[PDB]
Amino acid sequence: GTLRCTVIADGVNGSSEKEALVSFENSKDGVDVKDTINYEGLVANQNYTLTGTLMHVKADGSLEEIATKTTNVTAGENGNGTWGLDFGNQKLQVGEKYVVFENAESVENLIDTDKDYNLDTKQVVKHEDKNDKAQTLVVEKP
């Protein structure tokens, strides 16, 4: 299983090549942060708990949690498709960088870990990459 994720910050797409740059003017009423999640290799029609976390990337490189959202979502045909996670309006700081992490965990046991053909473990897929610019936004200075 894989999650391939792109952030939208006040309407600005992140990409692997360029963080989502939020204009100073757009930062004044906060920053609307939405994540888009393309998943593959999940179990078709199974329910997952998707947890997204918005992390402040501090000048020293460490991370601080700003917001966390959970949503009940369902894997589509052949266990691939698209989900969304809306952080809503976040009061982010001018000049600062933020990154979105995602974690998908099946509601049901979908994996046999003890060779008894009884499914006993949830499927877990994570994208927790502070160096992924597609999941990163920066609030521009004036």
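Just count from 1 along the sequence shown to find any residue number.
Novice: Mind pulling up the entry and telling me whether 49-57 or 111-119 has the higher mean Cα temperature factor?
Specialist: Averaging CA B-factors over each stretch, the winner is 111-119.
Novice: Of 98-106 and 77-85, which one has the bigger average CA B-factor?
Specialist: On average, C-alpha B-factors are higher across 77-85.
Novice: By the CA temperature factor listed in this entry, which of these ranks top: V31, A67, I37, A44?
Specialist: Most elevated C-alpha B-factor of the set, per the entry: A44.
Novice: Just grab whichever of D10, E25, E128, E19 has the top CA B-factor as deposited.
Specialist: In the PDB entry, the greatest C-alpha B-factor among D10, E25, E128, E19 is found at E128.
Novice: In terms of the CA temperature factor given in the entry, to which third of its chain does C5 belong: lowest, middle or highest?
Specialist: Middle third by C-alpha B-factor.
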